[PDB]
file target_0.pdb (PDB, C-alpha atoms)
MODEL        1
ATOM      1  CA  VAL A   1       7.975 -55.785  -7.678  1.00  0.00           C
ATOM      2  CA  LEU A   2       9.224 -54.803  -4.222  1.00  0.00           C
ATOM      3  CA  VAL A   3       8.257 -58.112  -2.631  1.00  0.00           C
ATOM      4  CA  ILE A   4       9.574 -60.138  -5.595  1.00  0.00           C
ATOM      5  CA  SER A   5      12.912 -58.352  -5.271  1.00  0.00           C
ATOM      6  CA  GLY A   6      12.673 -59.016  -1.529  1.00  0.00           C
ATOM      7  CA  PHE A   7      13.885 -55.499  -0.645  1.00  0.00           C
ATOM      8  CA  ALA A   8      17.189 -56.307  -2.375  1.00  0.00           C
ATOM      9  CA  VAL A   9      16.451 -53.794  -5.147  1.00  0.00           C
ATOM     10  CA  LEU A  10      15.113 -51.508  -2.402  1.00  0.00           C
ATOM     11  CA  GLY A  11      18.104 -51.698  -0.060  1.00  0.00           C
ATOM     12  CA  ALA A  12      18.179 -51.773   3.737  1.00  0.00           C
ATOM     13  CA  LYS A  13      20.145 -50.474   6.715  1.00  0.00           C
ATOM     14  CA  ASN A  14      21.808 -53.026   9.030  1.00  0.00           C
ATOM     15  CA  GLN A  15      19.048 -55.587   8.372  1.00  0.00           C
ATOM     16  CA  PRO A  16      18.267 -58.222   5.730  1.00  0.00           C
ATOM     17  CA  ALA A  17      15.182 -57.525   3.612  1.00  0.00           C
ATOM     18  CA  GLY A  18      13.748 -54.723   5.732  1.00  0.00           C
ATOM     19  CA  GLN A  19      12.443 -54.090   9.231  1.00  0.00           C
ATOM     20  CA  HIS A  20       9.100 -52.333   9.693  1.00  0.00           C
ATOM     21  CA  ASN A  21      10.247 -48.936  10.934  1.00  0.00           C
ATOM     22  CA  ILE A  22      10.715 -45.296   9.947  1.00  0.00           C
ATOM     23  CA  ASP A  23      13.722 -45.842   7.654  1.00  0.00           C
ATOM     24  CA  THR A  24      11.892 -48.278   5.384  1.00  0.00           C
ATOM     25  CA  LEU A  25       8.725 -46.184   5.701  1.00  0.00           C
ATOM     26  CA  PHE A  26      10.466 -43.058   4.389  1.00  0.00           C
ATOM     27  CA  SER A  27      12.272 -45.084   1.721  1.00  0.00           C
ATOM     28  CA  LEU A  28       8.973 -46.512   0.461  1.00  0.00           C
ATOM     29  CA  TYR A  29       7.326 -43.078   0.536  1.00  0.00           C
ATOM     30  CA  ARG A  30      10.102 -41.524  -1.547  1.00  0.00           C
ATOM     31  CA  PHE A  31      10.075 -44.535  -3.881  1.00  0.00           C
ATOM     32  CA  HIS A  32       6.331 -44.152  -4.442  1.00  0.00           C
ATOM     33  CA  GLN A  33       6.758 -40.434  -5.115  1.00  0.00           C
ATOM     34  CA  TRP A  34       9.451 -41.311  -7.657  1.00  0.00           C
ATOM     35  CA  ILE A  35       7.138 -43.860  -9.294  1.00  0.00           C
ATOM     36  CA  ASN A  36       4.387 -41.238  -9.490  1.00  0.00           C
ATOM     37  CA  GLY A  37       6.811 -38.784 -11.091  1.00  0.00           C
ATOM     38  CA  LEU A  38       8.165 -41.436 -13.473  1.00  0.00           C
ATOM     39  CA  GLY A  39       5.615 -40.587 -16.160  1.00  0.00           C
ATOM     40  CA  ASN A  40       4.246 -42.605 -19.046  1.00  0.00           C
ATOM     41  CA  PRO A  41       7.418 -44.741 -19.525  1.00  0.00           C
ATOM     42  CA  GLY A  42       7.165 -45.642 -15.827  1.00  0.00           C
ATOM     43  CA  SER A  43       5.610 -49.002 -16.687  1.00  0.00           C
ATOM     44  CA  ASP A  44       8.642 -50.082 -18.713  1.00  0.00           C
ATOM     45  CA  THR A  45      10.891 -48.416 -16.126  1.00  0.00           C
ATOM     46  CA  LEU A  46       9.534 -50.701 -13.408  1.00  0.00           C
ATOM     47  CA  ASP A  47       9.634 -53.530 -15.961  1.00  0.00           C
ATOM     48  CA  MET A  48      13.411 -53.500 -16.257  1.00  0.00           C
ATOM     49  CA  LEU A  49      13.701 -52.422 -12.619  1.00  0.00           C
TER      50      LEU A  49
ATOM     51  CA  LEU B   1      24.295  10.512   1.031  1.00  0.00           C
ATOM     52  CA  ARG B   2      26.364   7.330   1.375  1.00  0.00           C
ATOM     53  CA  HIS B   3      23.368   5.030   0.871  1.00  0.00           C
ATOM     54  CA  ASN B   4      21.849   7.227  -1.879  1.00  0.00           C
ATOM     55  CA  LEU B   5      18.561   8.014  -0.150  1.00  0.00           C
ATOM     56  CA  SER B   6      16.406  11.090   0.415  1.00  0.00           C
ATOM     57  CA  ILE B   7      16.542  13.431   3.410  1.00  0.00           C
ATOM     58  CA  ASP B   8      14.120  11.130   5.268  1.00  0.00           C
ATOM     59  CA  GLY B   9      15.777   7.861   4.219  1.00  0.00           C
ATOM     60  CA  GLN B  10      13.458   7.020   1.326  1.00  0.00           C
ATOM     61  CA  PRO B  11      15.440   5.073  -1.305  1.00  0.00           C
ATOM     62  CA  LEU B  12      16.352   7.075  -4.392  1.00  0.00           C
ATOM     63  CA  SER B  13      16.195   3.945  -6.581  1.00  0.00           C
ATOM     64  CA  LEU B  14      13.049   1.818  -6.707  1.00  0.00           C
ATOM     65  CA  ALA B  15      13.689  -1.735  -5.534  1.00  0.00           C
ATOM     66  CA  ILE B  16      13.215  -4.361  -8.224  1.00  0.00           C
ATOM     67  CA  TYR B  17      10.130  -6.563  -7.844  1.00  0.00           C
ATOM     68  CA  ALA B  18      12.062  -9.843  -8.331  1.00  0.00           C
ATOM     69  CA  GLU B  19       9.174 -11.749  -9.860  1.00  0.00           C
ATOM     70  CA  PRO B  20       9.244 -15.339  -8.525  1.00  0.00           C
ATOM     71  CA  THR B  21       9.763 -18.550 -10.506  1.00  0.00           C
ATOM     72  CA  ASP B  22       6.167 -19.670  -9.550  1.00  0.00           C
ATOM     73  CA  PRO B  23       5.147 -23.332  -9.097  1.00  0.00           C
ATOM     74  CA  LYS B  24       4.640 -25.942 -11.801  1.00  0.00           C
ATOM     75  CA  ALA B  25       2.113 -28.690 -12.460  1.00  0.00           C
ATOM     76  CA  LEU B  26       2.398 -32.390 -11.628  1.00  0.00           C
ATOM     77  CA  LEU B  27       1.614 -35.450 -13.755  1.00  0.00           C
ATOM     78  CA  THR B  28       0.940 -39.154 -13.159  1.00  0.00           C
ATOM     79  CA  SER B  29       0.627 -42.138 -15.497  1.00  0.00           C
ATOM     80  CA  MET B  30      -0.516 -45.753 -15.633  1.00  0.00           C
ATOM     81  CA  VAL B  31       1.515 -48.813 -14.596  1.00  0.00           C
ATOM     82  CA  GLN B  32       0.907 -52.402 -15.727  1.00  0.00           C
ATOM     83  CA  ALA B  33       1.980 -55.880 -14.578  1.00  0.00           C
ATOM     84  CA  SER B  34       1.965 -59.317 -16.204  1.00  0.00           C
ATOM     85  CA  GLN B  35       1.406 -62.862 -14.937  1.00  0.00           C
ATOM     86  CA  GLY B  36       1.175 -66.420 -16.174  1.00  0.00           C
ATOM     87  CA  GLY B  37      -1.364 -69.193 -15.842  1.00  0.00           C
ATOM     88  CA  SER B  38      -1.695 -72.034 -13.383  1.00  0.00           C
ATOM     89  CA  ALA B  39      -0.610 -75.628 -13.882  1.00  0.00           C
ATOM     90  CA  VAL B  40      -3.177 -77.697 -15.764  1.00  0.00           C
ATOM     91  CA  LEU B  41      -4.473 -80.492 -13.551  1.00  0.00           C
ATOM     92  CA  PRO B  42      -5.093 -83.799 -15.362  1.00  0.00           C
ATOM     93  CA  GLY B  43      -8.860 -84.156 -15.164  1.00  0.00           C
ATOM     94  CA  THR B  44      -9.869 -87.425 -13.531  1.00  0.00           C
ATOM     95  CA  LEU B  45     -11.845 -89.092 -16.316  1.00  0.00           C
ATOM     96  CA  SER B  46     -15.354 -89.948 -15.139  1.00  0.00           C
ATOM     97  CA  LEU B  47     -17.657 -92.534 -16.717  1.00  0.00           C
ATOM     98  CA  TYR B  48     -20.337 -90.149 -18.019  1.00  0.00           C
ATOM     99  CA  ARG B  49     -20.658 -88.980 -21.627  1.00  0.00           C
TER     100      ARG B  49
ENDMDL
END
call {"tool": "encode", "arguments": {"input": "target_0.pdb", "output": "structure tokens"}}
result
Amino acid sequence: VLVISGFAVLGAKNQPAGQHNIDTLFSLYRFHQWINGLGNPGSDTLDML
Amino acid sequence: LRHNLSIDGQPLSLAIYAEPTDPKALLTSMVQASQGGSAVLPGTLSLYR
């Protein structure tokens, strides 16, 4: 989903898509924690995400 | 006398325990994804049977 969105639904700071650094690293870590905490409807949540 | 203690400074009122909120459990769930098929290549018709 992240690559299909091309980091547009992820967001970025001062760069298109996303540069491989600490900002995107922390963003992805928090996003994965959110996905883990999503719960059972998380599949559909990512579906319309 | 001002702080309502004993002669040796021992508090005259027992301090409340203030029982903590204590931690909670964590949960995780499953996530699914969907895909389509590949383009059907027109099979080059051989001569065999």
call {"tool": "interface_residues", "arguments": {"input": "target_0.pdb", "of": "chain A", "to": "chain B", "cutoff": "7 Å", "atoms": "all atoms listed in the file", "output": "list in words"}}
result
residues 36, 37, 39, 40, 42 and 43 of chain A
call {"tool": "atom_distance", "arguments": {"input": "target_0.pdb", "atom1": "CA of residue 39 in chain B", "atom2": "CA of residue 6 in chain A"}}
result
24.6 Å
call {"tool": "resolve_selection", "arguments": {"input": "target_0.pdb", "expression": "the PyMOL selection byres ((chain A and resi 2) around 12)", "output": "compact mmCIF listing (two decimals) with C-alpha atoms, keeping the file's coordinate frame"}}
result
# COMPACT_ATOMS: atom_id res chain seq x y z
CA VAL A 1 7.98 -55.78 -7.68
CA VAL A 3 8.26 -58.11 -2.63
CA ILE A 4 9.57 -60.14 -5.60
CA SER A 5 12.91 -58.35 -5.27
CA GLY A 6 12.67 -59.02 -1.53
CA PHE A 7 13.88 -55.50 -0.64
CA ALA A 8 17.19 -56.31 -2.38
CA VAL A 9 16.45 -53.79 -5.15
CA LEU A 10 15.11 -51.51 -2.40
CA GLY A 11 18.10 -51.70 -0.06
CA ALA A 17 15.18 -57.52 3.61
CA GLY A 18 13.75 -54.72 5.73
CA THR A 24 11.89 -48.28 5.38
CA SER A 27 12.27 -45.08 1.72
CA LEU A 28 8.97 -46.51 0.46
CA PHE A 31 10.07 -44.54 -3.88
CA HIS A 32 6.33 -44.15 -4.44
CA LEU A 46 9.53 -50.70 -13.41
CA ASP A 47 9.63 -53.53 -15.96
CA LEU A 49 13.70 -52.42 -12.62
call {"tool": "atom_distance", "arguments": {"input": "target_0.pdb", "atom1": "CA of residue 38 in chain B", "atom2": "CA of residue 45 in chain A"}}
result
26.9 Å
call {"tool": "atom_distance", "arguments": {"input": "target_0.pdb", "atom1": "CA of residue 34 in chain A", "atom2": "CA of residue 22 in chain B"}}
result
22.0 Å
